[PDB]
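Structure file structure-v9.pdb (PDB, C-alpha atoms and all ligand atoms) is printed below.
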MODEL        1
ATOM      1  CA  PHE A   1      10.463  16.540  -3.281
ATOM      2  CA  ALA A   2       7.572  17.642  -5.528
ATOM      3  CA  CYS A   3       4.226  16.316  -6.852
ATOM      4  CA  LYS A   4       2.033  16.447  -9.939
ATOM      5  CA  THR A   5      -1.461  15.391 -11.057
ATOM      6  CA  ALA A   6      -2.354  13.040 -13.963
ATOM      7  CA  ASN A   7      -3.006  16.165 -16.166
ATOM      8  CA  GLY A   8       0.476  17.626 -15.326
ATOM      9  CA  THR A   9      -0.619  20.235 -12.677
ATOM     10  CA  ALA A  10       2.296  20.486 -10.265
ATOM     11  CA  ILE A  11       3.117  21.463  -6.678
ATOM     12  CA  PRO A  12       6.882  22.245  -6.460
ATOM     13  CA  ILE A  13       9.544  22.000  -3.679
ATOM     14  CA  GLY A  14       8.225  23.656  -0.499
ATOM     15  CA  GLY A  15       4.607  22.616  -1.083
ATOM     16  CA  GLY A  16       1.477  24.584  -1.936
ATOM     17  CA  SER A  17      -1.932  23.700  -3.398
ATOM     18  CA  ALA A  18      -3.539  22.249  -6.587
ATOM     19  CA  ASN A  19      -6.984  21.285  -7.888
ATOM     20  CA  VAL A  20      -7.685  17.629  -8.825
ATOM     21  CA  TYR A  21     -10.736  16.915 -11.014
ATOM     22  CA  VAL A  22     -11.934  13.316 -10.624
ATOM     23  CA  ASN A  23     -14.266  11.169 -12.726
ATOM     24  CA  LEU A  24     -16.757   9.348 -10.515
ATOM     25  CA  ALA A  25     -18.995   6.299 -11.014
ATOM     26  CA  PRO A  26     -22.351   7.795 -12.176
ATOM     27  CA  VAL A  27     -24.502   5.421 -10.017
ATOM     28  CA  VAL A  28     -23.948   4.247  -6.399
ATOM     29  CA  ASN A  29     -26.536   2.132  -4.583
ATOM     30  CA  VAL A  30     -26.910   2.097  -0.779
ATOM     31  CA  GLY A  31     -24.643  -0.752   0.407
ATOM     32  CA  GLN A  32     -22.047  -0.089  -2.347
ATOM     33  CA  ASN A  33     -18.833   1.940  -2.352
ATOM     34  CA  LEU A  34     -17.960   4.933  -4.479
ATOM     35  CA  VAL A  35     -14.188   4.569  -4.943
ATOM     36  CA  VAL A  36     -12.115   7.769  -5.351
ATOM     37  CA  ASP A  37      -8.659   6.364  -6.142
ATOM     38  CA  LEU A  38      -6.154   9.253  -5.960
ATOM     39  CA  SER A  39      -3.156   6.848  -6.569
ATOM     40  CA  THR A  40      -3.857   7.164 -10.340
ATOM     41  CA  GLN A  41      -4.121  10.985 -10.019
ATOM     42  CA  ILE A  42      -1.349  12.194  -7.632
ATOM     43  CA  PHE A  43       2.367  11.321  -8.157
ATOM     44  CA  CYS A  44       5.445  12.377  -6.124
ATOM     45  CA  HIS A  45       9.224  11.969  -6.285
ATOM     46  CA  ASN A  46      12.366  12.492  -4.180
ATOM     47  CA  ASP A  47      14.747  15.120  -5.755
ATOM     48  CA  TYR A  48      17.926  13.965  -3.886
ATOM     49  CA  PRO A  49      17.602  10.174  -3.113
ATOM     50  CA  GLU A  50      21.451   9.802  -3.013
ATOM     51  CA  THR A  51      21.492  11.663   0.342
ATOM     52  CA  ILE A  52      17.866  12.220   1.496
ATOM     53  CA  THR A  53      14.953   9.917   2.402
ATOM     54  CA  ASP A  54      11.543  11.627   2.157
ATOM     55  CA  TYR A  55       8.595  10.751   4.453
ATOM     56  CA  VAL A  56       5.012  11.330   3.338
ATOM     57  CA  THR A  57       1.766  11.117   5.339
ATOM     58  CA  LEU A  58      -1.872  11.926   4.812
ATOM     59  CA  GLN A  59      -1.893  14.616   7.520
ATOM     60  CA  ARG A  60      -5.667  15.195   7.177
ATOM     61  CA  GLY A  61      -8.624  14.495   4.880
ATOM     62  CA  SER A  62     -11.773  16.647   4.985
ATOM     63  CA  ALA A  63     -15.151  16.047   3.245
ATOM     64  CA  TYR A  64     -17.307  18.718   1.548
ATOM     65  CA  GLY A  65     -20.666  19.205  -0.205
ATOM     66  CA  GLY A  66     -22.391  15.995  -1.261
ATOM     67  CA  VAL A  67     -19.636  13.764   0.185
ATOM     68  CA  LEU A  68     -20.013  15.280   3.704
ATOM     69  CA  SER A  69     -23.849  15.290   3.433
ATOM     70  CA  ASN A  70     -24.636  11.946   1.765
ATOM     71  CA  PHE A  71     -21.738   9.536   2.402
ATOM     72  CA  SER A  72     -20.000   7.570   5.194
ATOM     73  CA  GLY A  73     -16.303   7.492   4.395
ATOM     74  CA  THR A  74     -13.129   5.452   4.809
ATOM     75  CA  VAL A  75      -9.658   6.407   3.568
ATOM     76  CA  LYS A  76      -7.160   3.701   2.583
ATOM     77  CA  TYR A  77      -3.540   4.893   2.932
ATOM     78  CA  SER A  78      -0.769   2.509   1.832
ATOM     79  CA  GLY A  79      -2.918  -0.610   2.498
ATOM     80  CA  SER A  80      -4.479   0.487   5.837
ATOM     81  CA  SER A  81      -7.996   1.892   6.484
ATOM     82  CA  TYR A  82      -8.924   4.942   8.601
ATOM     83  CA  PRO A  83     -12.104   7.043   9.136
ATOM     84  CA  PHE A  84     -12.781   9.771   6.545
ATOM     85  CA  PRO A  85     -13.048  12.731   7.439
ATOM     86  CA  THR A  86      -9.764  11.875   9.209
ATOM     87  CA  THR A  87      -9.187  11.871  13.002
ATOM     88  CA  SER A  88      -5.338  11.442  12.964
ATOM     89  CA  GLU A  89      -2.226  11.725  10.776
ATOM     90  CA  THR A  90      -1.368   8.413   9.065
ATOM     91  CA  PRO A  91       2.025   6.620   9.355
ATOM     92  CA  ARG A  92       4.757   7.660   6.872
ATOM     93  CA  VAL A  93       5.373   6.349   3.334
ATOM     94  CA  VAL A  94       9.029   6.399   2.178
ATOM     95  CA  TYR A  95       9.906   8.200  -1.118
ATOM     96  CA  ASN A  96      13.458   7.208  -2.121
ATOM     97  CA  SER A  97      13.394   7.570  -5.936
ATOM     98  CA  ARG A  98      13.380  10.269  -8.666
ATOM     99  CA  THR A  99      10.785   8.150 -10.547
ATOM    100  CA  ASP A 100       7.224   9.532 -10.104
ATOM    101  CA  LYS A 101       5.492   7.228  -7.624
ATOM    102  CA  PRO A 102       1.749   7.264  -6.768
ATOM    103  CA  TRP A 103       0.483   8.877  -3.556
ATOM    104  CA  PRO A 104      -1.317   5.745  -2.149
ATOM    105  CA  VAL A 105      -4.667   7.394  -1.161
ATOM    106  CA  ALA A 106      -8.144   6.045  -1.999
ATOM    107  CA  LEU A 107     -11.516   7.147  -0.583
ATOM    108  CA  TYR A 108     -14.286   4.555  -0.033
ATOM    109  CA  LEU A 109     -17.638   6.353   0.271
ATOM    110  CA  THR A 110     -20.897   4.486   0.927
ATOM    111  CA  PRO A 111     -24.293   6.321   0.846
ATOM    112  CA  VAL A 112     -25.940   7.124   4.199
ATOM    113  CA  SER A 113     -29.553   5.795   4.617
ATOM    114  CA  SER A 114     -31.039   9.303   3.900
ATOM    115  CA  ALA A 115     -29.177   9.549   0.503
ATOM    116  CA  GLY A 116     -31.221   9.454  -2.732
ATOM    117  CA  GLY A 117     -31.060  11.231  -6.079
ATOM    118  CA  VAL A 118     -28.144  13.522  -7.053
ATOM    119  CA  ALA A 119     -25.815  12.847  -4.053
ATOM    120  CA  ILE A 120     -22.713  14.601  -5.592
ATOM    121  CA  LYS A 121     -22.948  17.581  -7.981
ATOM    122  CA  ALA A 122     -20.644  18.011 -11.028
ATOM    123  CA  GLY A 123     -17.961  20.678 -10.392
ATOM    124  CA  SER A 124     -18.398  20.655  -6.591
ATOM    125  CA  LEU A 125     -15.625  20.359  -3.986
ATOM    126  CA  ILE A 126     -15.820  16.841  -2.505
ATOM    127  CA  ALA A 127     -12.596  16.677  -0.434
ATOM    128  CA  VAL A 128      -9.393  18.426   0.732
ATOM    129  CA  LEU A 129      -6.418  16.081   1.271
ATOM    130  CA  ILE A 130      -3.248  17.336   2.959
ATOM    131  CA  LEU A 131      -0.011  15.553   2.050
ATOM    132  CA  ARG A 132       2.647  16.266   4.683
ATOM    133  CA  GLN A 133       6.271  15.813   3.585
ATOM    134  CA  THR A 134       9.313  15.638   5.898
ATOM    135  CA  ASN A 135      12.767  13.996   5.557
ATOM    136  CA  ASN A 136      15.770  12.453   7.462
ATOM    137  CA  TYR A 137      18.053  15.380   6.448
ATOM    138  CA  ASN A 138      16.895  18.749   7.882
ATOM    139  CA  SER A 139      13.819  20.534   9.406
ATOM    140  CA  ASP A 140      11.879  20.653   6.052
ATOM    141  CA  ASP A 141       8.150  20.128   6.804
ATOM    142  CA  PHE A 142       5.800  20.939   3.908
ATOM    143  CA  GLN A 143       2.095  20.695   3.104
ATOM    144  CA  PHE A 144       0.906  19.706  -0.381
ATOM    145  CA  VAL A 145      -2.831  20.609  -0.392
ATOM    146  CA  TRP A 146      -5.015  18.700  -2.876
ATOM    147  CA  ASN A 147      -8.506  20.182  -3.578
ATOM    148  CA  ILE A 148     -10.615  17.328  -5.014
ATOM    149  CA  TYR A 149     -13.494  18.250  -7.374
ATOM    150  CA  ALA A 150     -16.185  15.998  -8.925
ATOM    151  CA  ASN A 151     -16.136  15.984 -12.755
ATOM    152  CA  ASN A 152     -19.714  14.615 -12.893
ATOM    153  CA  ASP A 153     -22.972  14.086 -10.942
ATOM    154  CA  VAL A 154     -23.338  10.940  -8.789
ATOM    155  CA  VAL A 155     -26.824   9.438  -8.441
ATOM    156  CA  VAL A 156     -27.942   7.265  -5.493
ATOM    157  CA  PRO A 157     -31.006   5.298  -6.844
ATOM    158  CA  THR A 158     -34.276   5.307  -4.859
TER
HETATM  159  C1  LIG B 201      24.164  20.056  -1.515
HETATM  160  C2  LIG B 201      22.899  19.756  -0.715
HETATM  161  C3  LIG B 201      21.682  19.932  -1.622
HETATM  162  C4  LIG B 201      20.410  19.912  -0.775
HETATM  163  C5  LIG B 201      19.197  19.926  -1.701
HETATM  164  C6  LIG B 201      17.917  20.138  -0.883
HETATM  165  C7  LIG B 201      16.706  19.660  -1.688
HETATM  166  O1  LIG B 201      15.509  19.895  -0.930
HETATM  167  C8  LIG B 201      14.304  19.397  -1.569
HETATM  168  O2  LIG B 201      14.335  17.983  -1.960
HETATM  169  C9  LIG B 201      14.484  17.071  -0.829
HETATM  170  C10 LIG B 201      14.595  15.649  -1.369
HETATM  171  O3  LIG B 201      13.453  15.350  -2.163
HETATM  172  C11 LIG B 201      13.298  17.234   0.158
HETATM  173  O4  LIG B 201      13.500  16.442   1.322
HETATM  174  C12 LIG B 201      13.169  18.700   0.586
HETATM  175  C13 LIG B 201      13.095  19.629  -0.643
HETATM  176  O5  LIG B 201      11.895  19.344  -1.373
ENDMDL
END

Write out the structure in this file as structure tokens.
Amino acid sequence: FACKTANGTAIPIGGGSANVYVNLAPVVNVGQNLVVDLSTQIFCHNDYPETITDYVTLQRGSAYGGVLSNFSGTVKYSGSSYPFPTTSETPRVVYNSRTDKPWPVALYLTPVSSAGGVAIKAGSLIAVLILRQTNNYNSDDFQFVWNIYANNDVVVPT
């Protein structure tokens, strides 16, 4: 089991960490959602599907900078919604193919009432998402740490 980003940055067998740079909607009004869809950015595969079934969870999701300060978040994992920053590990997603399959994570961030102006700064850390991978074969338990960075400023109109 290993993962890679849309630009080819990889995390090999045994886990580790990688930076993900995301393009964000430039304008988000109060009452609207800023969608950070990581399913188009993070892809994983099973290296031995003939014998092993891999299990993948979103172990934890943390918010930073402008996202922590100016937004109220929700994380959608494989069709279900949870608070963001996260309060529990999600259920498991099965990886049973060598074909690169998306990690089904998407953040839904709506501005808090105090938000106005530049709510997210270009180049800043916005989130840390921990992918936890286990299997039905041995005691392998690995963390794939995704550091999410904003590629651009996000303005909340006033
Ligand atoms: C002859 C037996 C060969 C055993 C090969 C072990 C491969 O382990 C990796 O791939 C697995 C499947 O994706 C992951 O559950 C854990 C490791 O990432």

Practice item. List the neighbours of residue 53 (chain A) out to 10 Å using all atoms listed in the file; skip same-chain residues closer than 4 positions along the sequence, and give me the result as a list in words. Key: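 Listed by chain and then number, they are residues 1, 46, 47, 48, 49, 94, 95, 96, 97, 134, 135, 136 and 137 of chain A.
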
**Study point:** residue 19 (chain A) surroundings by all atoms listed in the file, 8 Å radius, close-in-sequence under 3 positions cut, as a VMD selection string
**Key:** chain A and resid 146 to 149

Selection export as a PDB file, in the coordinates of the input, atoms kept: C-alpha atoms:
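Okay, result.pdb is ready:
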ATOM      1  CA  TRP A 146      -5.015  18.700  -2.876  1.00  0.00           C
ATOM      2  CA  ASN A 147      -8.506  20.182  -3.578  1.00  0.00           C
ATOM      3  CA  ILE A 148     -10.615  17.328  -5.014  1.00  0.00           C
ATOM      4  CA  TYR A 149     -13.494  18.250  -7.374  1.00  0.00           C
TER       5      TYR A 149
END

Check your understanding: So how many Å separate CA of residue 92 (chain A) and CA of residue 8 (chain A), to one decimal?
Key ->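 Distance between the two atoms: 24.7 Å.
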
Review point. Quick one: residues within 7 Å of residue 2 (chain A), all atoms listed in the file counted, chain neighbours fewer than 3 positions away excluded, as a PyMOL selection string?
Key: chain A and resi 11-13+44-45

Calculate, to one decimal in Å, the centre and edge lengths of the box along x, y and z of the file that holds all listed atoms of ligand LIG 201 (chain B) with 5 Å of margin on each side, and present them as JSON.
{"center_x": 18.0, "center_y": 17.7, "center_z": -0.4, "size_x": 22.3, "size_y": 14.8, "size_z": 13.5}

Do a neighbour search on region 115-130 of chain A at 7 Å with all atoms listed in the file, toss out local chain neighbours closer than 5 positions, and write the hits as a CSV table (one decimal) with C-alpha atoms, in the frame of the given file.
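After the write, result.csv holds the following:
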chain,number,residue,atom,x,y,z
A,58,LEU,CA,-1.9,11.9,4.8
A,59,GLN,CA,-1.9,14.6,7.5
A,60,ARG,CA,-5.7,15.2,7.2
A,61,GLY,CA,-8.6,14.5,4.9
A,62,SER,CA,-11.8,16.6,5.0
A,63,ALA,CA,-15.2,16.0,3.2
A,64,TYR,CA,-17.3,18.7,1.5
A,65,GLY,CA,-20.7,19.2,-0.2
A,66,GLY,CA,-22.4,16.0,-1.3
A,67,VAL,CA,-19.6,13.8,0.2
A,70,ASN,CA,-24.6,11.9,1.8
A,143,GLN,CA,2.1,20.7,3.1
A,144,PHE,CA,0.9,19.7,-0.4
A,145,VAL,CA,-2.8,20.6,-0.4
A,146,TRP,CA,-5.0,18.7,-2.9
A,147,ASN,CA,-8.5,20.2,-3.6
A,148,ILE,CA,-10.6,17.3,-5.0
A,149,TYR,CA,-13.5,18.2,-7.4
A,150,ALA,CA,-16.2,16.0,-8.9
A,151,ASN,CA,-16.1,16.0,-12.8
A,152,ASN,CA,-19.7,14.6,-12.9
A,153,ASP,CA,-23.0,14.1,-10.9
A,154,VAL,CA,-23.3,10.9,-8.8
A,155,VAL,CA,-26.8,9.4,-8.4
A,156,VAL,CA,-27.9,7.3,-5.5
A,157,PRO,CA,-31.0,5.3,-6.8
A,158,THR,CA,-34.3,5.3,-4.9

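If all atoms listed in the file are the atoms counted, then among A:93, A:104, A:98, A:139 the closest residue to residue 50 (chain A) is A:98.
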
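With only C-alpha atoms as the basis for measurement, A:109 is the residue among A:56, A:109, A:131, A:3 that approaches residue 25 (chain A) most closely.
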
Exercise for review: To verify the selection step, state as a ChimeraX atom specification which residues the PyMOL selection byres (((chain A and resi 108) around 6) and not hetatm) yields on this input.
Suggested key: /A:33-35,73-74,107,109

I want to know what sits within 10 Å of residue 31 (chain A), based on all atoms listed in the file, with residues of the same chain fewer than 5 positions away left out; could you give that as a PDB file with C-alpha atoms, in the coordinates of the input?
ATOM      1  CA  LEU A 109     -17.638   6.353   0.271  1.00  0.00           C
ATOM      2  CA  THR A 110     -20.897   4.486   0.927  1.00  0.00           C
ATOM      3  CA  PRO A 111     -24.293   6.321   0.846  1.00  0.00           C
ATOM      4  CA  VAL A 112     -25.940   7.124   4.199  1.00  0.00           C
ATOM      5  CA  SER A 113     -29.553   5.795   4.617  1.00  0.00           C
TER       6      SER A 113
END

Practice item. Select, from A:5, A:81, A:51, A:57, the residue with the minimum atom-to-atom distance to ligand LIG 201 (chain B), counting all atoms listed in the file. Key: A:51

Review point. Of the residues A:18, A:36, A:28, A:52, which is the one nearest to ligand LIG 201 (chain B), using all atoms listed in the file?
Key: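 When distances to ligand LIG 201 (chain B) are compared using all atoms listed in the file, the smallest one comes from A:52.
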
Exercise for review: Quick one: apply the PyMOL selection byres (((chain A and resi 86) around 8) and not hetatm) to the file and drop the selected residues here as a PyMOL selection string.
Suggested key: chain A and resi 60-62+75+82-85+87-89

Practice item. Can you work out the spacing between CA of residue 9 (chain A) and CA of residue 21 (chain A) in Å, to one decimal? Key: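 Distance reported for this atom pair: 10.8 Å.
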
Practice item. Would you mind telling me which residue in A:4, A:140, A:29, A:102 lies nearest to residue 17 (chain A) when using all atoms listed in the file? Key: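 Selected residue with least distance to residue 17 (chain A): A:4.
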
Point to revise | Residue among A:42, A:20, A:10, A:27 lying closest to residue 101 (chain A), counting only C-alpha atoms | key: A:42

Revision key, fill the gap. The distance between CA of residue 103 (chain A) and CA of residue 43 (chain A) is 5.5 Å

Review point. Which protein, DNA or RNA residues have an atom at most 9 Å from (-3.7, 3.2, -3.3), counting all atoms listed in the file? List them as a PyMOL selection string.
Key: chain A and resi 37-40+76-79+102-106

Would you mind exporting the chosen residues as a PDB file, in the frame of the given file, restricted to C-alpha atoms?
ATOM      1  CA  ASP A  37      -8.659   6.364  -6.142  1.00  0.00           C
ATOM      2  CA  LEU A  38      -6.154   9.253  -5.960  1.00  0.00           C
ATOM      3  CA  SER A  39      -3.156   6.848  -6.569  1.00  0.00           C
ATOM      4  CA  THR A  40      -3.857   7.164 -10.340  1.00  0.00           C
ATOM      5  CA  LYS A  76      -7.160   3.701   2.583  1.00  0.00           C
ATOM      6  CA  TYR A  77      -3.540   4.893   2.932  1.00  0.00           C
ATOM      7  CA  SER A  78      -0.769   2.509   1.832  1.00  0.00           C
ATOM      8  CA  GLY A  79      -2.918  -0.610   2.498  1.00  0.00           C
ATOM      9  CA  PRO A 102       1.749   7.264  -6.768  1.00  0.00           C
ATOM     10  CA  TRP A 103       0.483   8.877  -3.556  1.00  0.00           C
ATOM     11  CA  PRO A 104      -1.317   5.745  -2.149  1.00  0.00           C
ATOM     12  CA  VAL A 105      -4.667   7.394  -1.161  1.00  0.00           C
ATOM     13  CA  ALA A 106      -8.144   6.045  -1.999  1.00  0.00           C
TER      14      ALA A 106
END
